[PDB]
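Just one chain follows, in the form deposited in one PDB entry, and it is written as structure tokens.
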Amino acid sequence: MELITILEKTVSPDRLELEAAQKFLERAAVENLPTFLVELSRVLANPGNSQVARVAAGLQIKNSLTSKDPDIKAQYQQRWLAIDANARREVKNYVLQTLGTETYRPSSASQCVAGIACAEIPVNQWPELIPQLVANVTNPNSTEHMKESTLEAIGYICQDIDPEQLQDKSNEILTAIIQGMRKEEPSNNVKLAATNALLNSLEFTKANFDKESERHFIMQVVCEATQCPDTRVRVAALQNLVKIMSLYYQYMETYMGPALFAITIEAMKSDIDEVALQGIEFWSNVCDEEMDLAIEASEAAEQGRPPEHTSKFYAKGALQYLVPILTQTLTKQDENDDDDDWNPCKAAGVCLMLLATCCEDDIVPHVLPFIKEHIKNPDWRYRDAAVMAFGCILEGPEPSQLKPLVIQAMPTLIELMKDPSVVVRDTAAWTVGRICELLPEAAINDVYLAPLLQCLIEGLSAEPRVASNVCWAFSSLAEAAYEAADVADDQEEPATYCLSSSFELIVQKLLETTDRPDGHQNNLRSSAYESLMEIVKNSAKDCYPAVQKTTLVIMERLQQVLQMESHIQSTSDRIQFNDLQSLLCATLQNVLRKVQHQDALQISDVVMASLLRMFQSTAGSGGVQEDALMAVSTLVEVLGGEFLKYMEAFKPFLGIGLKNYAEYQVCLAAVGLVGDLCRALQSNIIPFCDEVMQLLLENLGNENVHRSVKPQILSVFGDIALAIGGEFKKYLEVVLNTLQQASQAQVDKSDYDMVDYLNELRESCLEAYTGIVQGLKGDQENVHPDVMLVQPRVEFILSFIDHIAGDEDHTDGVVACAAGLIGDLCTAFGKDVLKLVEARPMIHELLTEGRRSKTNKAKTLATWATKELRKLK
């Protein structure tokens, strides 16, 4: 048939006739991709073909270069670069013609230009691109679409490009973008598209923004865009301001007062929601920069040098202008309130909260006057703003200013939980819970506990929005009463903390709330199963009466559920019914943990039978949902030696939980599962290790797993090492491989995306060796024997340990295990092991840091690890 025909059948409402098109298209794309792409672009450039045939042709080209999947996206680019220049240039050529010659509102060529660009930019193989793109939009004769679709192409380029690439062409790109934003530009479309482009390009503006002349030339144009009559241009401009504020804070001195302040403040007042949002968002954002700065500064001054970046406290200087607006915005509620919606009202509230947490106590004096005037206001939209605003300033200022206010505000608050306006009772619950969460001393007043506990009981059976904030209101109360009794003075979960007196009614009332008909609304049901498991943690040791019944109550619900799922129906029966169950596989975790070793036996035998009987018909049927494993990893922490009854069923079912390589979020559990097993049998698990070997380290192939996944893979070999096994000596030579590749890995921590994990594959192998050295050496070792028999690598073991402290970044987690090793590793023996520690300078730079809390108790490792180091000289 004809290609145009096939492309035109890709949009037919006929399923099969559509199936046939997407098949013939994948056929010609396999027999010869180049010719296929060339022919496709040849259909894209020709303005004769129907609008359909061109969009389809453009969609194919796009899908052959990029993807929402990183790995696949990286391959589709290699396939492109693999194609010769003859076919490539031709495709690139036809893509350019299409620019401006389209009518399909959104340009298809744009996504193609970027798709190919992202593949030919890093290797400098599309020289015509940049100039042609800039010239296409700088030429006065360029039609509207020509200037529009060209800027949209640059936008996509800036988005999907490797950040460390568009540095060279920042100037020329920024030129084209700016020229499209100029107030002179007639087309608001070109303006809008030009502005959206700038936003994506702010990544590599950096040299460009570092020149006052250019920086100012930018800001000047960016500000005037916020004045453009077209709303889209305004928003797109204000968004830029927000990003320039976070990124380029240093150079906001000459713009804040002289310009920015007015624009942003005015934006807040604009009754055009979309605009008001960006305004409020802009100042709430600044509250996250000057916080990050005030926290970055309170460490530079503690290390003996000025901060790299210095704050200016614009949020503080604008406080008296923001509050009056933010509070007034809290008057514009949304009667029909769907908590999936975002608006100026919600944004304003969020902002005030950040302002309180940023300005510390500078906010109290400015918010109180608003509260008094409206907490008992005749209105409802105002009266709610008072209660709301109050709960928004509870965090930030010190108790030496709030507790008094909260005390005399408590009585007023309890009664408002029965106010006619449902909204008022909604905010009321959040506020009360917001109080006991951050001010337990005021929420646990001898003459308010009973009245308060009376108010929350009635709230459990109210509307979700008002009742959901009750479950949490209880949680914080339990959380507080647990540290108002353990203040203490005693070690254990006190026999009788405050709530233990009325506790019996609460737990027997949470079972009703969680089993309400209207459970899906506002996540009330979920919040009910939640407040329960949390209320249990913060229980007392004479609260054992209900914990028993409640446990069997949960079980009776659990067993019943895991029988309809052996024979599942439709979707209103799959994830639909396992919903309540999932919440149970978390309540059981918090009851099986806090219960007597006695009861947790009859339970651990009936509960286990439920988790596995359901396992024999849920795998593989959508599951395993990775929840039964969680539960199991808590039965082991309960039994220890009584995990013998089962195990065998777990042998295959846990064996498949460790084999899944597709769900890189699931295997996570089955691994830590085996970890808890080493603390169970402890003497008979060796044969259960060969699995993880070439079935988890085999997951390292290919590399489409995840950045987070890596440590647990090996970190669970250390705990396995506690069982005589002489095969840990045969993975030692593989553990010396991973921590050796993380070093070779030039993970450029230029942005805070690479660092947040960078120092994590290190804390991994550490736990490994620790377990290895231990299991292979008892207190007294008749034959040690292989401790020093890792000598040559102990170089890197202590050099990469030094390299761990070498870089200016390594979480106290890595620091912790880094310390633990040195210690007991010197216990293996001290044979020039001290002259090997004195070998590298930055070794004590870490030990000292270790001795320097934070963290609490991590520090004790590096503080004691110096004893054995001080045992020879």
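For clarity, a rigid core is taken as the largest C-alpha set superposing within 1.5 Å between two forms. Residue numbers run from 1 along the displayed sequence.
For the segment pair 128-136 and 293-301, the entry gives 293-301 the higher mean B-factor, averaged over Cα atoms.
Looking at mean Cα B-factors across 724-732 and 279-287, the upper value is held by 724-732.
Comparing the C-alpha B-factors of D84, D786, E90, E203 in the entry, the top value falls on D786. Looking only at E373, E148, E556, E308, the residue with the top Cα B factor in the deposited structure is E556. Annotation for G813: CA B-factor lies in the highest third of the chain's modelled residues. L96: CA B factor lies in the lowest third for its chain, per the PDB record. Ranked by C-alpha B-factor against the other modelled residues of its chain, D605 falls in the highest third. Per-chain ranking of the deposited C-alpha B factor places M1 in the middle third. Remark: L352 belongs to the lowest third of its chain, ranked by C-alpha B-factor as recorded.
Below, we refer to the form deposited in another entry, which is not included among the displayed structures.
Just a single entry of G718, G459, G391, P344 exceeds or equals a 2 Å CA shift between the shown form and the other one, which is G718 (rigid core superposed). In the core-superposed comparison between the shown form and the other one, the C-alpha atom of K777 has shifted by at least 2 angstroms.
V286 shows a C-alpha shift below 2 Å between the shown form and the other one [criterion: core-superposed Cα displacement of 2 Å]. Core-superposed comparison between the shown form and the other one: CA of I797 displaced by 2 Å or more.
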